[PDB]
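A quick write-up on the structure given underneath.
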Amino acid sequence: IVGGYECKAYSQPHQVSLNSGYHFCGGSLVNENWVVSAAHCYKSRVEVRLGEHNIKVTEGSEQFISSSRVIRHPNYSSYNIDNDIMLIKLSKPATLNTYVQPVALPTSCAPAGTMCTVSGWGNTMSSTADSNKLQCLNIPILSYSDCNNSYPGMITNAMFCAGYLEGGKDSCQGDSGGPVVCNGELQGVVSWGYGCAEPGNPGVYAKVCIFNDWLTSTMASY
Ligand SMILES: [Ca+2]
C-alpha cells in the first residue's frame with residue numbers, strides 16, 4: 001500500500017495473509033470456513049494466516065490454517081486478468097474473536113465516488129512506512145469512463161478502478177488478493193495496475209458484487 005497509514009487496532013479483522021513459505025498475497029475472511037482472494041494468487045494449497053497485524057512478529061492473535069480447497073473462478077483468464085477472484089476453504093473453521101472476524105459479500109455494486117478502504121502488506125514505496133505492519137488507505141471508486149480511459153479496452157465487467165489519477169496513493173505488489181471494503185462490505189479484490197501509484201494508472205480491482213451467485217453457490221456445496 002502506497003500513501004497509506006498503519007491500520008489501527010481492531011480495524012481490518014477480515015484481512016488474511018496467504019503464505020507458501022512467505023507472504024505472497026492477501027485475502028478476506030467471509031465466514032468461518034471461507035476466504036476470498038484473487039485467482040492470480042492461486043496455488044494448490046496455501047496456509048491462511050488470520051489475526052495478523054505485523055506478519056513478522058508472533059503477537060498471540062494469529063491463527064494459521066491450511067487450505068482444504070483452492071477454487072479459481074472458472075472463467076479466470078491470465079492474458080487480460082479477467083475474473084480475478086478465488087475461494088479458499090479452510091481445513092478447520094476459523095475461531096471468530098477480537099482479531100478475526102468476517103466481512104460480508106455485497107449483492108449491490110458501489111457507485112462511482114464511494115470512499116472505500118484497501119489494506120495489505122505489499123510495497124509502500126516509502127522510506128518510513130513498514131510493509132510488515134498492515135497498511136490501510138482510503139480510495140474512491142472511479143467512473144467507468146475514467147477507468148477505461150486509463151486502460152483502453154482492458155476493463156471488463158468484472159473490474160473497477162479506484163484511487164487517484166494524480167498518483168501517490170495505491171495498492172501494490174504484495175497487496176494482491178486483499179480487500180477493498182466500501183460501507184462495510186467487500187466490494188473489491190486487489191487485482192492489477194501499471195506500476196503502483198503512478199499518475200494515470202489507477203488500481204484495478206475485481207468487482208465482487210457481480211460474482212455473488214458464483215460465490216454463494218460454491219460455498220454452499222458443503
Ligand atoms: Ca503477527
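Labels for the C-alpha cells follow display order: chains A, B, ..., residues from 1 in each chain, ligands from 1.
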Exercise: residue 81 in chain A partners within 8 Å, only C-alpha atoms, chain neighbours under 3 positions left out, as a compact mmCIF listing (two decimals) with C-alpha atoms, in the first residue's frame:
# COMPACT_ATOMS: atom_id res chain seq x y z
CA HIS A 40 -3.84 -14.85 -9.92
CA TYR A 76 -10.33 -16.63 -14.94
CA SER A 77 -8.15 -15.52 -17.87
CA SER A 78 -4.50 -14.61 -17.27
CA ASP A 84 -9.62 -12.40 -10.91
CA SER A 191 -6.02 -7.27 -8.83
CA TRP A 192 -3.68 -5.28 -11.13
Which of range 123-215 of chain A DSSP labels strand (DSSP E), written as a count of residues only: 27
Could you list the protein, DNA and RNA residues that have any atom within 10 Å of ligand 1, counting only C-alpha atoms and all ligand atoms, and write them as an mmCIF file with C-alpha atoms, in the first residue's frame?
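Final output, result.cif:
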data_model
loop_
_atom_site.group_PDB
_atom_site.id
_atom_site.type_symbol
_atom_site.label_atom_id
_atom_site.label_comp_id
_atom_site.auth_asym_id
_atom_site.auth_seq_id
_atom_site.Cartn_x
_atom_site.Cartn_y
_atom_site.Cartn_z
ATOM 1 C CA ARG A 49 -2.747 -16.606 8.390
ATOM 2 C CA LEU A 50 -5.530 -14.821 10.267
ATOM 3 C CA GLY A 51 -5.345 -12.336 13.142
ATOM 4 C CA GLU A 52 -2.182 -10.702 11.832
ATOM 5 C CA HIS A 53 -1.055 -7.137 12.262
ATOM 6 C CA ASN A 54 2.758 -7.493 11.970
ATOM 7 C CA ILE A 55 3.395 -10.553 9.738
ATOM 8 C CA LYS A 56 6.978 -10.843 11.024
ATOM 9 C CA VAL A 57 6.088 -10.949 14.748
ATOM 10 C CA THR A 58 4.101 -13.514 16.779
ATOM 11 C CA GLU A 59 1.639 -11.314 18.574
ATOM 12 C CA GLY A 60 -0.577 -14.081 20.014
ATOM 13 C CA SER A 61 -3.641 -13.169 17.989
ATOM 14 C CA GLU A 62 -2.798 -15.336 14.968
ATOM 15 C CA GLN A 63 -4.419 -18.444 13.592
ATOM 16 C CA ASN A 132 5.291 -5.704 7.622
ATOM 17 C CA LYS A 133 2.708 -3.723 9.648
ATOM 18 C CA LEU A 134 -0.686 -3.873 7.941
#
CA of residue 74 in chain A to CA of residue 218 in chain A, distance in Å rounded to a single decimal: 11.0 Å
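What separates CA of residue 208 in chain A from CA of residue 9 in chain A is a distance of 26.1 Å.
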